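We begin with a single chain expressed as C-alpha cells, specifically the form deposited in one PDB entry.
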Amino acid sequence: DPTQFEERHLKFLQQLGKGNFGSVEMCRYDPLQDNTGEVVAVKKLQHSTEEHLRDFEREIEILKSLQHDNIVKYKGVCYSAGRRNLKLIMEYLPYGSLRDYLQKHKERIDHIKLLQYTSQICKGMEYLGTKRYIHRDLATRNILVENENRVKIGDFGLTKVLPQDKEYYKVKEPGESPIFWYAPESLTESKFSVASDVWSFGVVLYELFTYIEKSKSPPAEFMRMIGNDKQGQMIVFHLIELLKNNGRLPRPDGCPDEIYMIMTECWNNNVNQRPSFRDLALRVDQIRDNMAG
C-alpha cells in the first residue's frame, strides 16, 4: 500500500505553517535511507482531542476524494499506534502559498497572470461544489503555487460536506474565525453554503488585486471603516452593520472596472443573487482573452 507511510522514514526539514489546531511541515520521505526520497508536505494536529481527531479524519477523507489539477494531491496517511496521533501526507508545492508568492514577486505578476490564477481557483471551487463540499476558508494563504502557471486549493481544515436535505451547513467555531472573509449570513446566522464560498472568493479576488498590501488588507480596511478603537464582540456587531448598510472593501489600486464588478457581485448581501463558480470562471476567461491577443 503506497497510501501507508512509515513514520521512521519521514525526515523533518522545516515547519511551513501553523494553525489554531495544527501545523504543516516540509519532510523528506526516505524509506531507503539513502537520501533519494521525495520531499512531501505533512499536516498534523497539535491538540490530542477526540473532537479534533474526528474532524481531521473527515478532512483526510474529503481530500482523498478530491482529484483535480487545482486541488493539492493527497499522498497518504501516517499512523503511529492504535489510537495514534495521525498525519496527512500531501504533495509539496514549491512556490509556497499564493499570499507569500504574490507578496514577493509583485513586480513579475501581471493582471493577466492574476486572472489565470483566479480562473484556476474558480475551477477548483466548482469541482468542490459538485461533491457538495463547502470550503469555508477561501483566502490567498490557503492557495498553493505549484509553478508560475498553476495554483491549487491547498488546505481543507474547515471544509464541510453539505447534508442531503439542505444547501447550507450551520457551524460554530469555537475560537477565532476568519471574519473579514465571511459572508453576512455566516456572520449572523453561522450559515455556510456555495454562496458564502463565492462571497469569500470575492475577498480572494480583492487580495490578489491589492498585491497583498498590508495597509490595504481586508482586516486593515474593514477596521478603518469600523474604527480601530473597537473591542471584540463589537467588531463582529459593527462589521455586520457595515455589510448590512452596503459598506464594502474599496476597489484596489490599478484594478479594472470589470474586475471590481466581479468582486461586488460576489459581495451581494442576497445569498441567491451571487454568481456561480462556473460563470465566475467564464467571465474571468473572457476578460483574460480581452486583455491578451
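Quick note: we count residues from 1 along the sequence shown, nothing fancier. C-alpha atoms forming the largest set that superposes within 1.5 Å between two forms make up the rigid core.
There is another form of the same protein, the form deposited in another entry; it is not shown, and what comes next is about it.
Large C-alpha shift between the shown form and the other one, rigid core held fixed: of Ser190, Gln103, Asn85, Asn149, this applies to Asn85 alone, with a displacement of 2 Å or more. For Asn269, a C-alpha deviation below 2 angstroms is recorded between the shown form and the other one after rigid-core alignment. Relative to the superposed rigid core, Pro256 undergoes a CA displacement smaller than 2 Å between the shown form and the other one. Once you line up the core between the shown form and the other one, the Cα of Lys18 ends up 2 Å or more from where it was.
Legend note: Cα of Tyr92 to Cα of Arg83 is at least 3 Å closer in the other entry than in the depicted form.
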